[PDB]
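Student: Okay, here's the structure, questions in a sec.
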Amino acid sequence: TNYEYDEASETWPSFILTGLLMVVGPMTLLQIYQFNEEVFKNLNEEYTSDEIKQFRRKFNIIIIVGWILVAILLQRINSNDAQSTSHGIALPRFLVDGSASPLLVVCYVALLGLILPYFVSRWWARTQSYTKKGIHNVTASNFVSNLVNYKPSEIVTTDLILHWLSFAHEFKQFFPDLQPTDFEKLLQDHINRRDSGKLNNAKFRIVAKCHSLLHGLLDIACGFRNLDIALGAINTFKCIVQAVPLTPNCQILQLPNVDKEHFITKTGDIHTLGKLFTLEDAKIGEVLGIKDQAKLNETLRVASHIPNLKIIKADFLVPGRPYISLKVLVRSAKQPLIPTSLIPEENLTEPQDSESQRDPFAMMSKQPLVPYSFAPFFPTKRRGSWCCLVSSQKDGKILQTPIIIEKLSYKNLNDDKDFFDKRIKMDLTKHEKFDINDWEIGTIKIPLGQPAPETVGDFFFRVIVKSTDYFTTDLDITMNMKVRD
Amino acid sequence: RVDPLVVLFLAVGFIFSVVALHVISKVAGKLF
Amino acid sequence: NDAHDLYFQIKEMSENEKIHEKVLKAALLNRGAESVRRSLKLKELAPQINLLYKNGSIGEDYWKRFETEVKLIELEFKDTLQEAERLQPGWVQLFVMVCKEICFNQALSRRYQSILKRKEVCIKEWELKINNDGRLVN
Amino acid sequence: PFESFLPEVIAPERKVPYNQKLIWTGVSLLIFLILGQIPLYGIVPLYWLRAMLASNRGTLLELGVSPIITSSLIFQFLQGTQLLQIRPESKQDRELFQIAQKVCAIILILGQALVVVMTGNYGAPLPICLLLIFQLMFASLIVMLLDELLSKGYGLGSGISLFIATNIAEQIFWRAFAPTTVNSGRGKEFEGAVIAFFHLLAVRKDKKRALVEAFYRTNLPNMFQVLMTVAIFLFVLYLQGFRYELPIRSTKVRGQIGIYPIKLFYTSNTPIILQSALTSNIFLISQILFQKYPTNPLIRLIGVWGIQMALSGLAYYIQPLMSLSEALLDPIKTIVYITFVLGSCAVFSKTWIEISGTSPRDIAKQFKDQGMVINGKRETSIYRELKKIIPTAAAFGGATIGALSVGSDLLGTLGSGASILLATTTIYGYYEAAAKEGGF
Amino acid sequence: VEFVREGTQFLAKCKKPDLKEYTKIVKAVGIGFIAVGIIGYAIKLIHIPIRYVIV
Amino acid sequence: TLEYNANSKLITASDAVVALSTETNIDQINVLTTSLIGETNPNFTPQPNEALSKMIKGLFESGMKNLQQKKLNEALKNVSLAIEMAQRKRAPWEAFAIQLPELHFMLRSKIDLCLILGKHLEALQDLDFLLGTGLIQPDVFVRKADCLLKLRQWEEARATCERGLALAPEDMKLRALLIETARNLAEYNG
């Protein structure tokens with residue numbers, strides 16, 4: 001039919017009243033109704049440079065206004081005074097027949113012609129151009145083309161991976177003036193702890209961005225079933241996060257306050273943390289050449305808190321989908337070796353329930369996260385990570401995508417059990433504070449991703465679990481599955 | 001052969017043409 | 001990254017400078033070996049490429065580019081064989097076997113030649129102190 | 001078998017995530033809703049069919065989804081009569097069936113277009129007629145391509161049920177928050193429940209005086225109907241979780257233990273749809289014959305219309321109950337109507353579970369093909385056990401559907417129970433699909 | 001009288017959902033229904049003055 | 001660009017800087033040309049040469065006889081010269097299944113000789129080349145792990161002996177090498 005607009009402004013006030021009430025009510029009701037120790041969260045910012053701090057720093061009133069408007073309209077309504085059918089609308093008269101009659105239709109047609117299509121096209125292009133992994137399409141194409149025409153003769157090094165990363169297309173959008181050679185030079189300066197002078201803000205950006213690029217490159221390398229490239233990628237990620245060139249004696253060079261010109265000149269036999277902890281406490285400082293107890297305590301505490309891995313039990317499992325399970329023993333570089341026989345074996349056993357048998361990874365997903373890493377030179381703050389990869393032993397080719405685990409308990413590294421030192425050498429296993437049920441043992445479950453071979457016999461495998469932030473000792477074991485039917 | 005953005009653009013052009021014809025026929029009677 | 005245009009350049013130079021004849025046949029054999037190597041590479045890489053494409057982490061246009069290059073390589077090899085028959089009559093049945101042998105032969109030769117450069121890489125990476133005779137002096 | 005060169009949208013080669021599919025469904029629904037609001041240019045029935053076909057007169061969507069639904073039902077009948085003899089072993093046959101569906105939908109569109117432009121009340125007097133025909137033709141093509149796109153994989157599911165649920169939810173929201181006003185003697189009155197409620201609460205400032213009147217609203221929808229509607233909504237929601245699960249295990253590969261669920265509303269959509277369709281057709285035919293034929297023995301026996309409503313006849317018993325008043329006046333009529341609707345929905349559920357190819361024998365054959373077997377039962381008894389659960393489940397589901405529908409029709413909710421249950425089952429299917437798939 | 005007995009036995013054999021999943025189910029379905037209904041209501045409301053001014 | 005020699009008929013790129021792939025293709029073409037010059041028959045057969053193989057055998061025997069004479073220095077030089085001649089003066093279009101095994105046989109003896117002499121880096125590189133070119137035998141893992149232990153790389157030594165045991169678990173020397181590597185690594189860390 002034909003309605004009649006409100007010219008007395010008597011009908012729209014209650015409409016706006018209920019419209020604002022229905023939105024304020026539930027929001028106000030909702031507003032009314034509304035595990036893993038970390039020791040580096042304080043020490044990281046203690047050694048971070050000022051420029052990096054500045055870079056990281058640079059890089060509800062709706063309720064009250066609704067209540068105010070509600071009060072205003074309520075008072076305005078209270079100030080007001082006030083057989084055939086007469087249809088009418090609540091919309092006022094001026095908004096439809098006043099001087100602003102074409103304004104509504106022109107803004108409507110504008111919003112429907114230029115606002116919606118342009119925005120939806122931009123959003124669609126942005127969501128389509130990017131890969132599912134989280135990188136650009138051009139970078140993925142470049143990585144694939146590079147791995148395609150790769151001579152097996154050339155041995156993989158860090159400089160080769162840096163040169164490959166220097167062609168990242170997502171770096172061009174950040175700085176359309178720079179060149180790939182400039183990116184390579186910047187990354188070399190960062191690894192060698194050199195100053196860019198003026199392009200520090202760009203070096204920090206590209207360093208922060210290389211992370212997802214390296215993960216994508218690792219994924220593609222595991223796709224092409226090439227092991228050396230993946231191992232070199234892991235090493236490059238380590239070198240980047242630690243800001244140090246790859247050397248044989250690097251597990252000690254990753255320390256906060258060391259002088260290479262003194263250390264390398266003095267000794268030539270210290271290459272791991274165990275060999276260093278073999279020495280005395282003052283001997284460590286005299287060797288490192290820092291001669292500052294107030295700072296020696298800091299470097300000792302940071303060096304005695306990085307995790308070392310060690311296997312306890314590894315075996316196959318043959319459900320409908322075969323998957324391996326791991327028993328890892330996270331220990332520090334200072335605690336001595338404990339025999340595996342002392343384990344009560346109860347933590348090794350698994351409860352067999354319907355829910356646990358349905359999804360074994362449920363208990364694994366219960367372990368706490370890993371704390372923040374100690375990156376005195378990385379721009380942003382990162383957590384620890386552990387990526388595992390499995391390959392064959394007959395030919396030496398990767399057989400599946402890499403799995404990256406993040407949930408783990410670092411309880412055995414806390415400063416509570418400091419009596420368990422290596423230099424004591426008094427059989428601390430028979431100690432009054434020795435409680436074999438206090439040491440927690442995490443678990444790791446790795447699916448095979450491929451069905452078991454239909455043949456019968458022994459088939460060897462090899463799983464590696466490398467670090468991503470530190471240069472600790474990792475695992476390299478070979479296991480064989482005995483299909484017997 | 002046919003992309004979704006093409007379909008959306010066709011629909012937008014259709015509704016735009018209809019409303020343009022409507023407003024043109026209204027203003028033609030209003031002015032003359 | 002190919003020696004295809006190199007054959008055409010050599011042909012154009014021979015058309016004017018009167019170079020020897022066997023160099024043309026040699027360059028043709030080299031181009032054929034490169035083409036057959038590329039074809040075998042594509043044949044052996046197709047399954048993993050298709051797997052990664054189905055996984056949804058490679059994009060879309062690269063798949064079509066690969067499918068196109070698949071037949072582009074075949075067309076180039078056919079043109080090369082036609083040019084070979086044009087240069088030498090009744091020399092096709094032996095051409096395939098000669099190509100198949102020289103491909104592997106030069107691949108092995110390059111892989112062996114690379115060790116001279118490969119050697120010092122590990123030296124620089126491990127900071128070894130090596131005197132003459134290849135022995136270690138710590 | 002023939003050749004055709006027509007536009008068609010391409011399906012994605014890879015899986016579309018949840019976010020993009022949600023965005024596409026939303027924008028498609030928005031465009032479909034905008035199309036149904038624009039009136040024609042050159043211009044100067046039963047509400048039941050207009051609501052069921054998701055269409056309204058006087059706009060670009062006067063046709064609605066009628067051509068698509070008619071083509072789909074036609075090819076359903078052609079597949080049921082086994083005339084196309086379609087073989088699943090070939091994809092060319094499916095492509096030919098799809099191209100035939102498109103070419104028949106377009107010609108049915110143009111035929112209905114010429115029919116309505118020559119029959120409609122717009123008038124006989126030419127270029128205006130041509131442009132008016134072309135406009136609605138292009139609109140039909142656009143909505144057809146939109147449905148095809150939403151079904152290709154860019155959408156959560158089909159588009160017809162989505163549009164129907166959209167129209168139902170819109171009718172429900174409009175019957176509750178009608179901003180319009182009507183002044184008839186007493187004063188300007190809202191047609192929505194909450195709007196008029198807050199209006200009488202504010203302008204009168206008398207709690208006891210205004211509340212007793214705003215809660216009853218003998219002539220217009222009130223808050224009580226809204227409460228009954230949300231109550232039956234939560235009720236049918238709670239009725240969705242009811243499902244029978246039996247233990248199953250595989251025999252081809254060991255270590256495969258699973259659970260097969262059997263819902264209560266197995267094919268809930270079909271029996272209520274059949275009942276509504278037959279009732280609407282019966283009412284239309286009876287009204288037509290009573291308008292054409294003045295008075296005849298059989299015409300009076302099958303149905304007589306009065307104050308219009310049917311009374312004292314066969315069609316008098318098929319009419320749904322209005323409220324508790326007519327319920328308490330004629331209990332025999334209410335009882336016979338309840339028995340009729342229950343029997344109809346039950347037999348419809350039975351025949352549909354028989355004809356759809358989901359019989360206990362069919363699922364037993366499917367299990368034997370897959371090799372699945374019960375954990376604590378033998379192999380030769382799977383069909384015997386299914387015979388004791390599947391038909392009873394279907395009959396009970398149909399019975400509860402009929403009970404919910406008659407209860408909604410009696411309590412006087414905001415809308416008819418059939419549309420509400422259709423929307424709820426559509427939303428529940430979408431939600432369970434999104435949950436089983438895995439995504440935010 | 002056997003039909004209601006079979007129905008009672010069957011419903012006793014079905015699985016009634018508890019609150020922990022019922023809340024998620026009702027939340028999802030209510031969010032969907034409200035999201036479609038508000039859009040429909042706004043679209044029908046805004047088009048009325050536009051249709052009046054245009055035509 | 002590129003210049004053409006007249007008397008030598010050897011193609012050389014006259015540019016100052018060129019790509020490495022271009023250099024490899026140029027060298028390959030030059031080798032092909034100098035082989036086709038020596039080969040006079042129009043349609044050469046994939047059958048290998050005879051006098052060349054005989055000279056290779058003679059040089060190899062002259063190098064081997066130094067071991068009977070207990071001369072450990074000149075034998076390595078003679079074997080290296082024989083391998084160089086066999087690699088250079090052999091036509092590319094010869095049979096692969098005959099050029100591979102002779103090279104493997106000579107390379108194994110050369111590896112053993114340089115390992116006995118006391119050279120480790122060259123022996124390690126040759127072992128890696130032989131393992132990468134498509135020969136997997138438990139007889140090379142022993143020497144590779146021994147060389148790695150001699151040049152103090154414990155992780156790769158452990159990986160190598162583990163892979164070797166993953167193919168010949170019944171060996172008695174691989175297990176001794178594994179024990180020695182485990183002890184050396186325990187000292188390296190602890």
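Just remember, in the structure tokens the first chain shown is A, the second B, etc., residues are 1-based per chain, and ligands are 1-based in the order shown.
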Write out as an MDAnalysis selection string all residues of stretch 236-368 of chain A that DSSP puts in helix (DSSP H, G or I) for this structure's backbone.

Tutor: chainID A and resid 236:242 260:266 273:277 281:288 293:303 340:342 354:358 361:364

Student: Please check the contacts: residues of chain E at most 6 Å away from chain D, using only C-alpha atoms, listed as a PyMOL selection string.

Tutor: chain E and resi 14-17+37+40-41

Student: If we count only C-alpha atoms and set the cut-off at 10 Å, which residues sit around residue F:118, ignoring sequence neighbours fewer than 6 positions away in its own chain? Please answer as a compact mmCIF listing (two decimals) with C-alpha atoms, in the first residue's frame.

Tutor:
# COMPACT_ATOMS: atom_id res chain seq x y z
CA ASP C 133 100.97 -34.33 0.66
CA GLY C 134 97.38 -33.97 1.87
CA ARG C 135 98.35 -34.87 5.44
CA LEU C 136 97.12 -33.24 8.64
CA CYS F 147 88.95 -41.41 7.42

Student: Given a cut-off of 12 Å, which residues of chain F touch chain A, counting only C-alpha atoms, written out as a JSON list (two decimals) with N, CA, C and O atoms, in the first residue's frame?

Tutor:
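This went into part_38.json:
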[["chain", "number", "residue", "atom", "x", "y", "z"],
["F", 21, "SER", "N", 77.60, -21.84, -16.95],
["F", 21, "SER", "CA", 76.94, -22.81, -17.81],
["F", 21, "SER", "C", 77.41, -22.67, -19.25],
["F", 21, "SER", "O", 77.61, -23.67, -19.95],
["F", 125, "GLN", "N", 87.23, -37.47, -0.25],
["F", 125, "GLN", "CA", 86.48, -36.92, -1.37],
["F", 125, "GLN", "C", 86.20, -37.98, -2.43],
["F", 125, "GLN", "O", 85.10, -38.04, -2.99],
["F", 128, "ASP", "N", 83.45, -40.24, -1.19],
["F", 128, "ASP", "CA", 82.15, -39.59, -1.32],
["F", 128, "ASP", "C", 81.68, -39.59, -2.77],
["F", 128, "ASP", "O", 80.49, -39.83, -3.04],
["F", 129, "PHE", "N", 82.59, -39.33, -3.71],
["F", 129, "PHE", "CA", 82.21, -39.36, -5.12],
["F", 129, "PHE", "C", 81.74, -40.75, -5.53],
["F", 129, "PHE", "O", 80.74, -40.90, -6.23],
["F", 131, "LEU", "N", 80.50, -43.08, -3.64],
["F", 131, "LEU", "CA", 79.23, -43.42, -3.01],
["F", 131, "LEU", "C", 78.07, -42.65, -3.64],
["F", 131, "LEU", "O", 76.95, -43.16, -3.70],
["F", 132, "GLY", "N", 78.32, -41.43, -4.11],
["F", 132, "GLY", "CA", 77.27, -40.66, -4.75],
["F", 132, "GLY", "C", 77.02, -41.02, -6.19],
["F", 132, "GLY", "O", 75.93, -40.74, -6.70],
["F", 133, "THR", "N", 77.99, -41.63, -6.86],
["F", 133, "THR", "CA", 77.82, -41.99, -8.26],
["F", 133, "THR", "C", 77.02, -43.27, -8.47],
["F", 133, "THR", "O", 76.80, -43.66, -9.62],
["F", 134, "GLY", "N", 76.59, -43.93, -7.40],
["F", 134, "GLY", "CA", 75.69, -45.06, -7.55],
["F", 134, "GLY", "C", 76.27, -46.41, -7.19],
["F", 134, "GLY", "O", 75.91, -47.42, -7.80],
["F", 135, "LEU", "N", 77.17, -46.46, -6.21],
["F", 135, "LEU", "CA", 77.73, -47.72, -5.72],
["F", 135, "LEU", "C", 77.60, -47.73, -4.21],
["F", 135, "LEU", "O", 78.20, -46.89, -3.52],
["F", 136, "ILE", "N", 76.83, -48.67, -3.68],
["F", 136, "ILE", "CA", 76.60, -48.81, -2.25],
["F", 136, "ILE", "C", 77.08, -50.19, -1.84],
["F", 136, "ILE", "O", 76.45, -51.20, -2.19],
["F", 137, "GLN", "N", 78.18, -50.24, -1.09],
["F", 137, "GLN", "CA", 78.74, -51.49, -0.60],
["F", 137, "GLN", "C", 79.29, -51.27, 0.80],
["F", 137, "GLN", "O", 79.79, -50.18, 1.11],
["F", 152, "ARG", "N", 88.82, -36.19, 12.48],
["F", 152, "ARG", "CA", 88.13, -35.64, 13.64],
["F", 152, "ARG", "C", 86.83, -34.94, 13.24],
["F", 152, "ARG", "O", 86.65, -33.73, 13.39],
["F", 153, "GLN", "N", 85.90, -35.75, 12.73],
["F", 153, "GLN", "CA", 84.52, -35.34, 12.51],
["F", 153, "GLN", "C", 83.64, -36.48, 13.02],
["F", 153, "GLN", "O", 83.38, -37.44, 12.29],
["F", 154, "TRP", "N", 83.18, -36.36, 14.26],
["F", 154, "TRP", "CA", 82.56, -37.48, 14.95],
["F", 154, "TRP", "C", 81.10, -37.68, 14.57],
["F", 154, "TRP", "O", 80.64, -38.83, 14.46],
["F", 155, "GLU", "N", 80.35, -36.60, 14.37],
["F", 155, "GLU", "CA", 78.93, -36.74, 14.05],
["F", 155, "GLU", "C", 78.72, -37.45, 12.73],
["F", 155, "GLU", "O", 77.95, -38.42, 12.63],
["F", 156, "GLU", "N", 79.41, -36.99, 11.68],
["F", 156, "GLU", "CA", 79.27, -37.63, 10.38],
["F", 156, "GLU", "C", 79.83, -39.04, 10.39],
["F", 156, "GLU", "O", 79.32, -39.91, 9.67],
["F", 157, "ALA", "N", 80.87, -39.29, 11.19],
["F", 157, "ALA", "CA", 81.38, -40.65, 11.32],
["F", 157, "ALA", "C", 80.32, -41.57, 11.92],
["F", 157, "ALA", "O", 80.12, -42.70, 11.45],
["F", 158, "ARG", "N", 79.64, -41.10, 12.97],
["F", 158, "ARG", "CA", 78.58, -41.90, 13.57],
["F", 158, "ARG", "C", 77.45, -42.14, 12.58],
["F", 158, "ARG", "O", 76.96, -43.27, 12.45],
["F", 159, "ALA", "N", 77.04, -41.10, 11.85],
["F", 159, "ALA", "CA", 75.99, -41.27, 10.85],
["F", 159, "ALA", "C", 76.41, -42.28, 9.79],
["F", 159, "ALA", "O", 75.61, -43.14, 9.39],
["F", 160, "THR", "N", 77.66, -42.20, 9.34],
["F", 160, "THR", "CA", 78.13, -43.10, 8.29],
["F", 160, "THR", "C", 78.15, -44.55, 8.77],
["F", 160, "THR", "O", 77.67, -45.44, 8.07],
["F", 161, "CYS", "N", 78.69, -44.80, 9.97],
["F", 161, "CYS", "CA", 78.75, -46.18, 10.44],
["F", 161, "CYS", "C", 77.36, -46.72, 10.73],
["F", 161, "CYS", "O", 77.09, -47.91, 10.54],
["F", 162, "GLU", "N", 76.44, -45.86, 11.18],
["F", 162, "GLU", "CA", 75.07, -46.30, 11.39],
["F", 162, "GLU", "C", 74.41, -46.67, 10.07],
["F", 162, "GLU", "O", 73.73, -47.71, 9.98],
["F", 163, "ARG", "N", 74.59, -45.86, 9.03],
["F", 163, "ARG", "CA", 74.03, -46.21, 7.73],
["F", 163, "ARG", "C", 74.65, -47.50, 7.20],
["F", 163, "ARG", "O", 73.96, -48.32, 6.58],
["F", 164, "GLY", "N", 75.95, -47.69, 7.44],
["F", 164, "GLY", "CA", 76.59, -48.92, 7.00],
["F", 164, "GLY", "C", 76.04, -50.14, 7.70],
["F", 164, "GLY", "O", 75.78, -51.17, 7.06],
["F", 165, "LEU", "N", 75.85, -50.05, 9.02],
["F", 165, "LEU", "CA", 75.22, -51.15, 9.74],
["F", 165, "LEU", "C", 73.77, -51.35, 9.32],
["F", 165, "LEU", "O", 73.27, -52.48, 9.41],
["F", 166, "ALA", "N", 73.10, -50.30, 8.86],
["F", 166, "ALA", "CA", 71.73, -50.42, 8.37],
["F", 166, "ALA", "C", 71.63, -51.20, 7.07],
["F", 166, "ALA", "O", 70.51, -51.43, 6.59],
["F", 167, "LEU", "N", 72.75, -51.61, 6.48],
["F", 167, "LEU", "CA", 72.75, -52.42, 5.28],
["F", 167, "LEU", "C", 73.50, -53.73, 5.42],
["F", 167, "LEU", "O", 73.19, -54.68, 4.70],
["F", 168, "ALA", "N", 74.48, -53.80, 6.32],
["F", 168, "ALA", "CA", 75.19, -55.04, 6.63],
["F", 168, "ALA", "C", 75.29, -55.16, 8.14],
["F", 168, "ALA", "O", 76.35, -54.92, 8.73],
["F", 169, "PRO", "N", 74.19, -55.53, 8.81],
["F", 169, "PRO", "CA", 74.21, -55.60, 10.28],
["F", 169, "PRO", "C", 75.08, -56.72, 10.83],
["F", 169, "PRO", "O", 75.36, -56.72, 12.04],
["F", 185, "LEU", "N", 83.06, -39.76, 21.03],
["F", 185, "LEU", "CA", 82.05, -38.72, 21.20],
["F", 185, "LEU", "C", 81.74, -38.47, 22.67],
["F", 185, "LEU", "O", 81.51, -37.32, 23.06],
["F", 186, "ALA", "N", 81.73, -39.53, 23.49],
["F", 186, "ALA", "CA", 81.55, -39.34, 24.92],
["F", 186, "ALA", "C", 82.68, -38.51, 25.51],
["F", 186, "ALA", "O", 82.45, -37.69, 26.41],
["F", 187, "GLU", "N", 83.90, -38.70, 25.02],
["F", 187, "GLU", "CA", 85.00, -37.83, 25.43],
["F", 187, "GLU", "C", 84.83, -36.41, 24.89],
["F", 187, "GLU", "O", 85.13, -35.44, 25.59],
["F", 188, "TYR", "N", 84.34, -36.29, 23.65],
["F", 188, "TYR", "CA", 84.13, -34.99, 23.04],
["F", 188, "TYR", "C", 83.14, -34.15, 23.85],
["F", 188, "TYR", "O", 83.32, -32.94, 24.00],
["F", 189, "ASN", "N", 82.10, -34.79, 24.37],
["F", 189, "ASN", "CA", 81.11, -34.09, 25.18],
["F", 189, "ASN", "C", 81.46, -34.15, 26.67],
["F", 189, "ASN", "O", 81.64, -33.11, 27.31],
["F", 190, "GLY", "N", 81.56, -35.35, 27.22],
["F", 190, "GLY", "CA", 81.86, -35.51, 28.63],
["F", 190, "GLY", "C", 83.35, -35.56, 28.92],
["F", 190, "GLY", "O", 83.89, -34.64, 29.54]]

Student: Within 8 Å of chain C, which residues of chain A come that close, and what is the closest atom pair and distance in Å for each? Count only C-alpha atoms and give it as JSON lines.

Tutor:
{"residue": "A:131", "atom": "CA", "partner": "C:57", "partner_atom": "CA", "distance": 6.0}
{"residue": "A:132", "atom": "CA", "partner": "C:57", "partner_atom": "CA", "distance": 5.8}
{"residue": "A:133", "atom": "CA", "partner": "C:57", "partner_atom": "CA", "distance": 6.0}
{"residue": "A:137", "atom": "CA", "partner": "C:59", "partner_atom": "CA", "distance": 6.0}
{"residue": "A:140", "atom": "CA", "partner": "C:58", "partner_atom": "CA", "distance": 6.2}
{"residue": "A:141", "atom": "CA", "partner": "C:62", "partner_atom": "CA", "distance": 6.9}
{"residue": "A:152", "atom": "CA", "partner": "C:111", "partner_atom": "CA", "distance": 7.9}
{"residue": "A:153", "atom": "CA", "partner": "C:111", "partner_atom": "CA", "distance": 5.7}
{"residue": "A:154", "atom": "CA", "partner": "C:118", "partner_atom": "CA", "distance": 7.2}
{"residue": "A:155", "atom": "CA", "partner": "C:118", "partner_atom": "CA", "distance": 7.0}
{"residue": "A:223", "atom": "CA", "partner": "C:52", "partner_atom": "CA", "distance": 6.9}
{"residue": "A:224", "atom": "CA", "partner": "C:48", "partner_atom": "CA", "distance": 6.8}
{"residue": "A:247", "atom": "CA", "partner": "C:125", "partner_atom": "CA", "distance": 7.1}
{"residue": "A:248", "atom": "CA", "partner": "C:126", "partner_atom": "CA", "distance": 6.3}

Student: Residues of chain E that have any atom at most 12 Å from an atom of chain B: could you tabulate them with the shortest-distance atom pair and the distance in Å to one decimal, using only C-alpha atoms, ordered by chain and increasing number, as JSON lines?

Tutor:
{"residue": "E:50", "atom": "CA", "partner": "B:19", "partner_atom": "CA", "distance": 10.2}
{"residue": "E:51", "atom": "CA", "partner": "B:19", "partner_atom": "CA", "distance": 10.0}
{"residue": "E:52", "atom": "CA", "partner": "B:22", "partner_atom": "CA", "distance": 11.7}
{"residue": "E:53", "atom": "CA", "partner": "B:23", "partner_atom": "CA", "distance": 9.3}
{"residue": "E:54", "atom": "CA", "partner": "B:23", "partner_atom": "CA", "distance": 6.1}
{"residue": "E:55", "atom": "CA", "partner": "B:22", "partner_atom": "CA", "distance": 7.1}

Student: Rounded to one decimal, what separation in Å do you get between atom CA of residue A:266 and atom CA of residue A:287?

Tutor: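 Pair atom CA of residue A:266 / atom CA of residue A:287 returns 7.7 Å.
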
Student: Counting only C-alpha atoms, what is within 10 Å of residue E:49, bar same-chain residues fewer than 4 positions away, as a ChimeraX atom specification?

Tutor: /A:5,89,91,95-97,101,104-105 /E:45,53-55

Student: Could you check which of C:86, C:53, C:16, C:28 is closest to chain D, using only C-alpha atoms?

Tutor: C:53

Student: For stretch 12-14 of chain C, find every residue with an atom within 9 Å (counting only C-alpha atoms), except residues of its own chain fewer than 6 positions away, and show them as a count of residues only.

Tutor: 4
